[PDB]
Each structure stands twice: as structure tokens, then as C-alpha cells.
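Just so you know, the sequences run in chain order D, F, A and C. FYI, in the entry's author numbering the residues of the first sequence are 4 to 70, 99 to 119, 122 to 137. FYI, in the entry's author numbering the residues of the second sequence are 345 to 444, 449 to 576. For what it's worth, the entry's author numbering labels the leading residue of the third sequence as 454, then goes sequentially. FYI, in the entry's author numbering the residues of the fourth sequence are 238 to 490, 502 to 546. For every residue, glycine included, the Cβ atom is placed at its ideal position computed from N, Cα and C.
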Amino acid sequence: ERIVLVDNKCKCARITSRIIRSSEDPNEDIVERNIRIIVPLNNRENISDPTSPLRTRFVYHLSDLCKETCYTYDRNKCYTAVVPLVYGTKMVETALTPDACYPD
Amino acid sequence: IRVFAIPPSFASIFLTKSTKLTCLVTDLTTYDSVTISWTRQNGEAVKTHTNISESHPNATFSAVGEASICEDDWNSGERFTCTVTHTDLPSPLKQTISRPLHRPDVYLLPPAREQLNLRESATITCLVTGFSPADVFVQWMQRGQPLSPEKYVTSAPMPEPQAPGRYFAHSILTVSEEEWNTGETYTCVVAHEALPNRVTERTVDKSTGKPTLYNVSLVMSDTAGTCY
Amino acid sequence: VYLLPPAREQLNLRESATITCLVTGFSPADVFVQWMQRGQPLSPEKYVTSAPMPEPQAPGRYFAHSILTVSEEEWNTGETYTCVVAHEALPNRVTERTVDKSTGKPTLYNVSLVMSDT
Amino acid sequence: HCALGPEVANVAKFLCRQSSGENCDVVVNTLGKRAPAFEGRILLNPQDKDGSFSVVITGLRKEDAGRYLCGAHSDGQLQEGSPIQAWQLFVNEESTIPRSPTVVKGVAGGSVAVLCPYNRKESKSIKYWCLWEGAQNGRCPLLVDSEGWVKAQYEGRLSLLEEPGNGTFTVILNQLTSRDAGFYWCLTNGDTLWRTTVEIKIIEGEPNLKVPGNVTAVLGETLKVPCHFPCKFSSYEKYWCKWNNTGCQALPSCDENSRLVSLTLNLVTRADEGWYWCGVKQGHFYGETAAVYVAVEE
Ligand SMILES: *[C@@H]1O[C@H](CO)[C@@H](O[C@@H]2O[C@H](CO)[C@@H](O)[C@H](O)[C@H]2NC(C)=O)[C@H](O)[C@H]1NC(C)=O
């Protein structure tokens, strides 16, 4: 019944809303803006370079994302960082998350 | 003697993309044999200006051109010179009209809370701010369905107070406040020339606006970096 | 591939730190691994790797290890580490994980999150 | 696929959907009854030797998920003690079906252009097109396919075509009229089977294209017929084509400023008899066209 104002899958924010149609009094209703965030406290600040510090601040200018440096691995679109391997050197690909980088 | 020439308006232009120019002649001598002829800046003739008009209520025969041109053929200052010869005018009187910026800003304020206690009048306000030039057209859309034109009332683009030369206008509309329970956000469709697609629609409903009951719900975990 | 960080106890013998890159539940045998950090490869004489040997529980899936030894100050320096694995059931053939002092078993959680314009 | 037995063949059939208080609301009946929300997008095939049959529903919406029952009754509705068959329905909402326009507006004498999507993998199938019929047990006969078969009543004013070709093709229908209004379905020969449905509304006005009416002509000469276009069609390429089962092919070098793309026929035989179309292109999409039939005299 709620109305997802925003669902930002690379900040794990989700502003919904729902008018709490009150007890059947006159129009003394109050609309209601649920919010929800799942901050990781595990990832980098360069989400796609696991050679950086972790994170401390998590800033949500909701104005900005009520409409690109956002910090959760989105499930569906996957990432990578070309990484050297040595068997001689070779500068070669990776797949920084599995089960989504599957060329299928 | 009143012979004014009407430049095209973005109202009709938005309507049918049919830029039109008319130079009507009024309160001249009461004779038939009135001829209408418009010209571009080369002087060449024009299209089917037709549909003769009778004598005015003040007993003067009425005539006006009906000149359709191209929207592109308007944007470089073409003095649309129209000539009308008449019995009284061995010197026919000529008329001309031609092509002589800032982005608008549209908001849609909801009614007042105290408005919503009289329990009849649900006022709604759409608006436009700080734009150049004028001639802008506005209208309100309700579920892909234009409202009653009389249902709303439109302003005219009076100039800005503090801006150098920008313009702004207004429009207001009422409905049953009982309707302000289905809401349907009553989309007000602005229509200004200086927009990327020439329309900058915005809309507002009850669910929009401002709530006075949040409940933020941050969670916190290592089981993250995922955004299911 | 999980990646366990050195036990705090070993950090009190005050010289050397050990990290255990792990692979699990995979088929067929013969995974390959190496260790990678700061964009420079780590010549294998730092690390030692197991070979496959069946899971107690999984009838088919093997596993393996890898071990790396590093001065604690080096691990105390921050100085994360990335262990990579290449194996023919992996989508682009290569996944990897990383850990530094902060990621692995921190005693300290310091969130400082700001939420503007509700 | 409803699978009742031969023992209720004489008896009518029905289809209801479960609700809160043990109350089916009916969606279609063997008695022609039909739910107003599901008007148009429902089909019903005739019953088989065993009375077996199938019900096709297209364009499902978020509230359409739920339990479904099909039965057989004298009143064609729910009662205690009548044979039934159940279904449980789920709508994805994490869907991959491209959102296509559902309503398409046209004017009398105008044209319509319809984009029809399908799954990209079966692009080599045989597209079809059918018209929905009410006031019945519901029917929907074919109108055109992709090999080039066309219904016998519409020679000249209708063609389909694979211009976009990436799971999307375009259909052009001109000479619109207010009698033609209704609902249209798109079909494919693939195993997966989308039936996208589009509605045509007719409004007031005259089409943007201007072409002279139906004209007769003498055998063996040079004749030219015009086609002016408004300023909103001024940013395109313009063309004439000759209508047939193959559809359009343009005739290069018939032009002006933003009006009057004119067909010219150097010499003519009666083999050039038929309908011709004047239309514009959207880069790789199609737009408005118009048609005129030409006779041959002597
Ligand atoms: C830091 O992040 C930026 C962007 O988030 C990365 O920039 C590019 O990332 C792509 C990913 O495929 C690489 O192909 C490019 O080579 C990167 N450009 C540059 C200039 O590095 C960047 O790679 C990240 N930091 C590091 C050290 O990789």
C-alpha cells in the first residue's frame, strides 16, 4: 500500500510513504514517510578498488537521491578490477563479486 | 480605424504546431470588394486566407487574413507584410508583424490546512517563476485528461519584482475537498517555449507534500555491501 | 573464498602475523591461488598453499588453504592483503577477497553517518 | 488450461477468481458475461472432444495475481457442489517485459503506427495480428501475418514491417476511421508467447498529411501526384512507396521546402495499378503515411 518515493539500490536507501487513513473521522489524517537504510560498515570508499580504507561517514543528501559515488555492491550489476598475475608478469582481469559476473 | 496584426502565440503553436498570423481590418469604410494578401520578406503570396466575414455590429464589413506558415519560417525576423486594397483606398493600407532567454520554474502548492476545515473548497495552486519570455501557456492535466478550462483560472505574465526582466504568472483551481481524498495529484502542465521538450510538467497530491510522522529505521550489519 | 585474519594472540608474540586464505566446497580439484597486495605480486616463497583433499561433509567437493607470514607491524601498518583464486567453475575464472587490520575482526565499530534533509 | 470432463459438455462453463469472503467474482462466462475490468484482453477457445479448453488472458496487472477457478454450471457461476478446477497466479513485478505504450490515439482519415515487442531470441518466427470481438463468447480472428497474408477486406491500407528488428517491429496503419476503434493483439509463432494489446482511440480533426483523393488516369503517360506535410514532419526524410504484400520500398532520384514531396511516374502501364503511400521516417522508426488509389482508363 506504501508508495516507494525512492529505492536506491546502490545506497540501500528506500523512502516509502503511506497515508495512514485514520479511524473513519474527517480528514484529520497524517501522511507518513518511512525510511530505511542498511549501511554496510564493511566496504571501501572506492567501492570498486579493495585497496582503500574502509568507511566511516555515510552521508545521505536525500535531496540528491530523490532524483556517482555510492557504496553498496548492487546485487545485479557486477564489478571487477584488472589484477596482475605472475607465472613467468601478466596484467589480467578478475571478478570481484561472483554469481553476478556470470556471462551466461 | 483599427487594424492590428496578431503575431502567433505558443498556445495555438502547442495546440497544432500551426503558427498563424492575422492582420484584421476594422471600422473602415462600409464597402464590399475587400482583398486580403500577405507576403513574406521576398514579397511572395500566401496560403488559403479565406472565410469571409460579414459587416460588424457597428455596420462595417469585417475581414481578416488566415495565414499559416512554418514554425521554422518564423525564427529570423520575417516582417509579414500584408496588403489590403479597397474601394476607399487607392492607397491601400499595409500591415506587418514579425518575430521581435530564461527558464521557467514550476511549483504546485497544496491547499491550506485551514482551507481543509471549511470542508467545501479545495484550492490548488500551480505556478511559474522567473522566466523569459512571456507568451507562455499553462493548463492542468488530470490523468491524461485536460481539465475544464473554466475550472481553473489563469493569470497573465506580470513581471518580476527583483529580477532584471523575467516574468511569472499563476493559475488556481478548485475542487471538492471530498475529492482531496482520492487526490490523483492533478498534474499541472506548463507549456513554455524555452524547455528542452517545451513542457515541464510537475504535480502534487496529498501523499506528496510534508508528513508529520516519520519513522526512520536505520539498520546496521556486516551482512551488507549488497543491497538486495 | 573466506579470508581469516591473524589471531590476536599471535599479535602478542610481537613479531609475525599469519593470514589464512581459504577455499571451500569446490569441484573439480586443482584450484590455483596466489597472494596480491598493493598492486605488487607476492613471490610465492612468502606463502604456502595446500592441495585439495575431500570435505568431511561434502561427498565431492574438495578444499584447500593458503598461509602467509608477515611482520605484525606490517599488518599493524594497515596495508591490506588480497588473495586471488582461479578455478574452472568461476564465472570470469577469477575471484578474490581482501582484508586489512580494520576489516578483519575489529574490536571497534566507528560509524559516523549523517542523514540530511529528511 | 481448464480440464473438466465430458460429463458437463452440455453444461456451460465459467471462470471466477477467489476473493476474501469465499466469493468468486466472475471474469467471463459461457453466457457471454465478462468482467468490465477484463474487457478486451480475454479470449476463450471452443471446447474439445472431452470439453477441454483454454483461456487466454493478456496484459496482466498487479491485482490480477491470486487464485483462479474454472467450472461448469447451469448458471455459469459459483454454487455449492459443482465441479471446479483451481489455479494460483503470481505476477512478477521484477519483470523483463518492456513497457510499451498501451493506448494509441488517431483521427478519422489519419494514420496510426504501432511498435510491437517480442522476445529477442525468436526473431525468425511468423508474426500475426488479430482483432478482438465482443458481444459473443469472445473471439479474435487474424488480420495480418509476416509472410504477407492479409485479410481480404483491407487491401491497400495496412502493412506491418520489421524495421527495428531487435525484438521490436513497427506496424503502419493509415486511412483511419472512427468505426475501426477497438483492441488489437500481437502474436508470434514462438513457444514463449507474449500477447501485447493496444487500444486505438479516434478523435476529431484531419490527418496531418494532405494528398488528393481517389483519381482515375489514362494509360501510358507521365502523371504526378502530390503530398505536402506539416512543419512537425519537417525534420525527417520523406518517401513514397507502393503498397503490396512486400510493403514499402522508396523511389530515390520530388521535393520542395518543408512541404510537397511529389510522386512522379515517367511512363505508366496498368502493372503500376494499386495504392501508393507517402510517409516519413524517424531515423530508424516510422511515422505518418497516407494512401491514394489510382485507376487506368483509355
Ligand atoms: C577508484 O574508483 C574509480 C571509479 O570508481 C576507478 O576508476 C576506473 O575504474 C575502471 C573500472 O573498470 C578502470 O577500468 C579504470 O582504469 C579506472 N580509472 C582510473 C583512472 O583508475 C579506479 O580504478 C579506482 N581506483 C583504483 C586504484 O583502481
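If C/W431 and C/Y355 are in contact, beta carbons under 8 Å, what's the gap, nearest whole angstrom?
6 Å
Quick one: what's got a C-beta closer than 8 Å to F/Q463's C-beta in the same chain, skipping five residues either side?
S469, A470, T471 and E525
Any heavy atom of ligand 1 closer than 6 Å to the beta-carbon of A/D553?
no
If distances are taken between C-alpha atoms only, which option among C/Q412, C/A345 and C/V340 comes closest to C/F420?
C/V340
Please name the residues in the stretch 461-472 of chain C whose beta-carbon is closer than 8 Å to at least one beta-carbon of chain F, in chain order.
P467, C468, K469 and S471
Just list the residues that DSSP pairs A/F485 with in beta bridges.
A/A539
Listing by chain order, which chain A residues have their CB less than 9 Å from the CB of D/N11?
What D/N11 touches in chain A: nothing, since even the nearest Cβ is about 13 Å away.
Cβ of F/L456 within 7 Å of any chain D Cβ:
no
Using a beta-carbon distance below 7 Å, is D/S20 in contact with chain F?
yes
How is F/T360 classed by DSSP in three states: helix, strand or coil?
helix
Indicate the three-state DSSP secondary structure (helix, strand or coil) for D/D32 in the structure shown.
coil
Under 8 Å from the C-beta of A/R491: neighbouring residues of chain D
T54
Strictly under 7 Å for the Cβ-Cβ distance: is D/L44 near chain A by that measure?
yes
Can you determine whether any heavy atom of ligand 1 sits closer than 6 Å to the C-beta of D/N49, and answer yes or no?
yes
Can you give the beta carbon distance from C/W525 to C/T537, rounded, assuming they're within the 8 Å contact cut?
5 Å
For the stretch 349-361 of chain F, list every residue whose C-beta sits within 9 Å of some C-beta in chain C, in sequence order.
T360 and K361
Does the distance from the CB of A/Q490 to the CB of A/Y455 come in under 7 Å?
no
Please determine, among C/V293, C/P320 and C/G527, the residue with the shortest C-alpha to C-alpha distance to C/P444.
C/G527
Counting only Cβ pairs nearer than 7 Å, list the residues of chain F close to D/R36.
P559 and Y562
To test your reading of the DSSP string, which unbroken beta strand (DSSP E) runs of 3 or more residues are found completely within the stretch 284-344 of chain C?
292-294, 303-308, 323-326 and 340-344
Sort D/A128, D/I38, D/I23 and D/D132 by Cα distance to D/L65 and report the nearest one.
D/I38
May I ask you to check if the CB of D/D52 is nearer than 6 Å to at least one heavy atom of ligand 1?
yes
Bridge partner(s) assigned by DSSP for A/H518:
A/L475
So which residues of chain D does F/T574 contact, with C-beta pairs closer than 7 Å?
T103, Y104 and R106
Burial state of F/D432 (16 or more Cβ within 10 Å)
exposed
Within the 7 Å Cβ cut-off, does C/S506 reach chain F?
yes
Please state whether DSSP places A/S524 in a helix, a strand or coil.
strand
As an exercise, report each continuous beta strand (DSSP E) stretch of at least 3 residues that is fully enclosed by the stretch 372-405 of chain F, in chain order.
381-383
Exposed or buried, which one is C/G308 when buried takes at least 16 other CB atoms within 10 Å?
buried
Would you call F/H540 buried or exposed, if buried means 16 or more other Cβ atoms sit within 10 Å of its Cβ?
buried
Residues of chain A with CB closer than 8 Å to the CB of D/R60, please, in chain order.
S565, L566 and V567
Is the Cβ-Cβ distance between C/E546 and C/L456 less than 7 Å?
yes
Between the Cα of F/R451 and those of F/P434, F/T477, F/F424 and F/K438, spot the shortest distance and give me the residue it belongs to.
F/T477
In the DSSP output, which residue or residues are listed as bridge partners for C/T512?
C/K461
Rounded to whole angstroms, what's the CA-CA distance from C/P489 to C/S348? Just pull it up for me.
23 Å
Suppose the cutoff is 6 Å on Cβ atoms and the five residues either side in sequence are ignored; what does the same chain contact list for A/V523 look like?
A470
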